[PDB]
Amino acid sequence: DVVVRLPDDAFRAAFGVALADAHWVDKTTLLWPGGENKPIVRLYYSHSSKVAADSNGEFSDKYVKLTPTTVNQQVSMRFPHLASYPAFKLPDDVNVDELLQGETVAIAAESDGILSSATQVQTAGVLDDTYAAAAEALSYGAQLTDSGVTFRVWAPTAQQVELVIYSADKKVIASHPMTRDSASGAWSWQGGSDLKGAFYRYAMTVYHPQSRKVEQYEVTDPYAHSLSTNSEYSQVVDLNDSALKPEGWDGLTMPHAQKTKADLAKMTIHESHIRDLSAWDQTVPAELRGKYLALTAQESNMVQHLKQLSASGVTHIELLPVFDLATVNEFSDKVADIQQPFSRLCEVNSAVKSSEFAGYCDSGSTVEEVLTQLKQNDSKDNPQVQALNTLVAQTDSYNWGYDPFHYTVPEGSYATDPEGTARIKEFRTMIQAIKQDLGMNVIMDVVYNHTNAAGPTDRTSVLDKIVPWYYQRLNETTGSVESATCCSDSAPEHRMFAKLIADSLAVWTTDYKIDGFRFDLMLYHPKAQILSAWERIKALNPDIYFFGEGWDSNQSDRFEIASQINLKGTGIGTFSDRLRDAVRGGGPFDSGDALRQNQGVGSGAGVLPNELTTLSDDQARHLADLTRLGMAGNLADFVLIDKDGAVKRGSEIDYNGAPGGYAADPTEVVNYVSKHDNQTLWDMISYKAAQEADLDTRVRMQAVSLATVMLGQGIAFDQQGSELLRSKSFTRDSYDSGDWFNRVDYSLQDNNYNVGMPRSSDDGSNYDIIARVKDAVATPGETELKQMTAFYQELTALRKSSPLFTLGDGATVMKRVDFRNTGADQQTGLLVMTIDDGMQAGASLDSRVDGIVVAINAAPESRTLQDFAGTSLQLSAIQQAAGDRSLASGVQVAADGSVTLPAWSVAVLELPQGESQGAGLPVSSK
Ligand SMILES: [Ca+2]
Ligand SMILES: [Ca+2]
Ligand SMILES: [Ca+2]
Ligand SMILES: [Ca+2]
């Protein structure tokens, strides 16, 4: 065979290895554009060295000859996005296992044997085709039983793997070379039960394509179930151990059913964060602030508040990242929080010590006291509060935590003791407290769409160190780890990562009794993978609920994505951005004046315009169409009368170019008007409300906005604190904005509004509009916060009171739900929904009523309805009981049966059921 050599340092390097656009997708298939129409196409490989030309300019390294071929159906189906790549066939006798042990490079040469191009090889595909099936049949991690322990880690390309055992003081007590299984590429080691509690890491000797060298490093277990402080070492644990469970743990049951669609529809979520809950509560014992155990402080304002929310209708607590995140140092001596001395901050943060704030280092003030004094002179021209806070954020205990370090171990900073197994029982104690004492189910936010880091050097790179270039999704040409998620994109489409995900979810389900999972950026996951995971988990908990959000994934070229459209009819829920945008107004991408111009139904679009908006009545009514559709579950087939009086199915109501209604059942849709990301509802209302809308009116706008969600058929979701008019001082993306901007005051003194300009890096372009609208009205106080809490609990209580609000089944929604005040002659801003329980709907689902009317008057005028004359409609007892503190205060139900609602009001009316099921409110034929 002609020896490949360089032509006869600059343009010369051009004839070396570059990029990584070669893809070894299966046993004998290599996809690479560089070998097209090339006489010589070879796959060179070196066990311990980097493939390169020798002193003679030749490639003496060993290789395998590749011949032209056409990609088969199998490969085309697995990797559609590479189906256009020139294909090359490898001999059936190639020792795949051996070549995968080192570096492989695709090289193409001309007839004379002169190099034309050489590139690195992406092997994820061949790894799955070769080892996946065998590897999938095995279980991983430090599997400790009473009988002994079996460690197993998947590392099909590693040349060596040793199990390093460490003492409690982190001294090596043993290094065991592991046993490799050729079929699976997995390494195992079996020992005695005396290894219980032992710390360990895997010493890897493996080639990493990024660095092009055989790396040597110790890595924690990707299947770790316990960890040392700050995740430096994994730990052997048996989660079944009674010593790791609170008393009565095994008997813990779900306080809320999730079996039928009707059950699921009652789901009413309170999205919370561990620090957001207790970091500021002085009634929570100091040692428990910012900890899982804060949920057990029954005497605290925070817990008492959650207890009442539960009693009033909130059914689920959704937790922001409580798996092991990487962005918070778990070593307490390296952290400084605002409640501590500024001197402590300077000692742990050199950036602060070298900043303009250095003068506060030897002051006797706490960081919080300094931030407080900086408020008065803070403004768009002197954003000093955020200036100091930005530095504080680098070394505090705060972060949302969407930075996965270990997927199946609880976060350590939220435990009172981050060293070892301690956090496991504490986490369980919290779960038990929420379900048993607070009466709410628990949902965990999971982030399998990306890892905190990748590469052979980053402290937090775990998966990409053990099996390089396999767990991350890479660019087809460069081989760089993609960052479309923000960070280090993962590859859920790869078999062993899909398995890791499912195995992880199984532990949270079985061992931590989590009731549901919310997938972050779910559309970055294949539809098939999410469904397979659900199938596996349902075998463990038949009533587990899966849902997620995204809507921005551009991975459709690689596989069918888990999107709103593709998940229709599957039973997997998705956050709907339809009602969200219609009621809040505008979109998450708005900045500058658009934030104020884009009013929503909740902030008076059309009916109470501010000085900058240009919204037309037509545009306002379109938002109302999206809102009504959402209140009916955002179903693709739901039939309504649109703004122009036309008969339209949900799929026909446009949402920025896409079909508005997309679901098969209302349980596949999660409605909301506020969430951890993007501005809070209150801050949006502050951006959009007309100058003349007073404080009281804005509180009602918050309630009216939330009413579209709470009284709607879709699953109800809301941000912790909406009931307290929560503000982040206009911060749009508060993930690292600390305790200061994320503060929730359970003592009810204020809503954290106007506490300094938000971070300039992300909100600086909004400083102008913020300065102009910020001081329109007074900042909410105890009176307004108590007012809002009452409104909120009134709404959740109403939702909880009747099964008619949560039908669950799409067909049932279509047979019972309808709307009035529709068409061209509608009274703008007035949403009127009817729910039938009469003879024509079928059986009576509520023995107390024959029908319900939901009227949301999102307008500054009193509105009169004649649609129910002669029905004997009555205002719900729940609202009547609230008197002048009700959202229905002032509502009039005359003799003639007409109903009149005051401005910014919400009324739930009922048709009392008598001896037998009555006529009800039959849906009108359209
Ligand atoms: Ca952590
Ligand atoms: Ca931070
Ligand atoms: Ca792509
Ligand atoms: Ca009934």
Side-chain angles (χ1 to χ4, degrees), residues 270-312 314 317-322 328 332 335-341 366-369 371-372 389 392 396-401 411 413-417 426-427 429-434 437-440 442 676 680 682 718-729 731 734 737-753 755 779-786 788-790 792-793:
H270 201 67
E271 192 204 40
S272 318
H273 175 94
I274 301 303
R275 283 197 73 75
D276 290 358
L277 285 166
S278 60
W280 292 81
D281 196 350
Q282 299 311 85
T283 61
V284 163
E287 66 280 6
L288 303 186
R289 292 170 194 156
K291 309 291 188 181
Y292 300 127
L293 293 178
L295 281 298
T296 67
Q298 302 184 181
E299 73 278 30
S300 73
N301 291 165
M302 181 276 281
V303 175
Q304 278 168 41
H305 184 79
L306 293 189
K307 175 184 176 59
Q308 182 57 225
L309 284 177
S310 171
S312 297
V314 170
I317 289 296
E318 180 169 318
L319 296 172
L320 255 65
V322 287
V328 170
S332 298
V335 183
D337 284 296
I338 68 175
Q339 300 83 190
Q340 299 172 302
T366 60
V367 178
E368 173 175 345
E369 296 175 328
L371 288 167
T372 294
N389 201 57
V392 171
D396 62 15
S397 299
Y398 198 102
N399 200 292
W400 283 346
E411 159 63 8
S413 71
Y414 297 144
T416 65
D417 179 3
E426 285 191 17
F427 183 93
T429 295
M430 171 190 68
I431 296 297
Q432 177 184 59
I434 298 175
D437 301 326
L438 295 182
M440 295 180 278
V442 177
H676 74 274
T680 71
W682 179 261
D718 190 22
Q719 167 181 37
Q720 174 202 335
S722 287
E723 78 285 2
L724 294 180
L725 309 170
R726 186 183 185 178
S727 170
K728 287 177 177 175
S729 211
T731 300
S734 71
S737 290
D739 292 333
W740 192 264
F741 289 99
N742 291 107
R743 167 176 172 267
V744 177
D745 182 15
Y746 288 105
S747 72
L748 316 182
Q749 297 315 84
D750 66 270
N751 66 333
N752 205 48
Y753 182 85
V755 295
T779 295
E782 183 165 352
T783 300
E784 291 74 42
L785 299 183
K786 287 186 175 183
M788 188 56 227
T789 292
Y792 197 93
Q793 304 186 319

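The first residue in the sequence is number 1, and the count goes up from there.
If you check the side chains of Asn742 and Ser734, you find a donor sitting under 3.5 Å from an acceptor. Using modelled atom types and a 3.5 Å distance limit, the side chains of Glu426 and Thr416 yield a donor-acceptor pair. No hydrogens or angles considered: a donor-acceptor pair under 3.5 Å links the side chains of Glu411 and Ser413. For the residue pair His676 / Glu271, a side-chain donor-acceptor distance below 3.5 Å is found, with atom types taken as modelled. A donor and an acceptor atom, one from each side chain of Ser397 and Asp337, are located under 3.5 Å apart.
Shown are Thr779, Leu785, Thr680, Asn752; of these, the side-chain contact (heavy atoms from CB on, under 4.5 Å) with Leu725 is made only by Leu785. Each of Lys291, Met430, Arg289 was scored for a side-chain contact (heavy atoms from CB on, under 4.5 Å) with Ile274, with one residue passing: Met430.
For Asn389 (side chain) and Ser737 (main-chain N/O), a donor-acceptor pair under 3.5 Å exists by modelled atom type. The main-chain N or O of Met440 is never found under 3.5 Å from a side-chain atom of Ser310 such that the two would form a donor-acceptor pair.
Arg726 places none of its side-chain heavy atoms less than 4.5 Å from the side chain of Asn751. The shortest side-chain heavy-atom distance between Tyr746 and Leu277 falls under the 4.5 Å cut-off.
Using the six-membered ring where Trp is involved, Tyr292 and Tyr414 have ring planes that are perpendicular, over 60° apart on the 30 and 60° scheme.
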